């Protein structure tokens, strides 16, 4: 087992979209991940807006210092992703911890970028370029950042 990470008591959580095959942009589907770059467990939901309501696309637990595949989708699904949200709470289990904010972040996804690999960016989290949205950055929820 891996130990906790130095600096990981600062909450850093990202929503990342990655091609399954960055070499085949015409045919590839995409993957959505919750990336938990922190020493906390998360409970989360990932939702998409449809009218005045929201549909839950994924929910559950993310362990410390890991990522979770939320969804695999083709580009036809982009029409459902005009506005998405991530809500979460963070905790440790059996270790004292700082209290963290309860987080809700609504995002307008840059769907044009899914046709343009060069608009995705290099990251430490994947070998492929990724489209990465902050949910919590340096303990600060990314409210009203991508809307």
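Numbering follows the first chain given and starts at 1.
Practice prompt. Look over 5 to 13 and 135 to 143 in the entry and identify the one with the greater average Cα temperature factor.
Written response: The entry gives the higher C-alpha B-factor average to 135 to 143.
Item to complete: Using the B-factors recorded in the PDB entry, average over the C-alpha atoms of 111 to 119 and of 47 to 55, then report which stretch comes out higher.
Response: Between 111 to 119 and 47 to 55, it is 47 to 55.
Worksheet item: When the CA B-factors of 29, 101, 60, 64 are compared as recorded in the entry, which is the largest?
Response: Of the options given, 101 has the highest CA B-factor in the PDB entry.
Item to complete: Sort the modelled residues of this chain by their C-alpha B factor and say whether residue 81 lands in the lowest, middle or highest third.
Response: Answer is highest: the recorded C-alpha B-factor places it there.
Worksheet item: Considering only modelled residues of the same chain, in which third does the CA B-factor of residue 37 rank: lowest, middle or highest?
Response: Lowest third.
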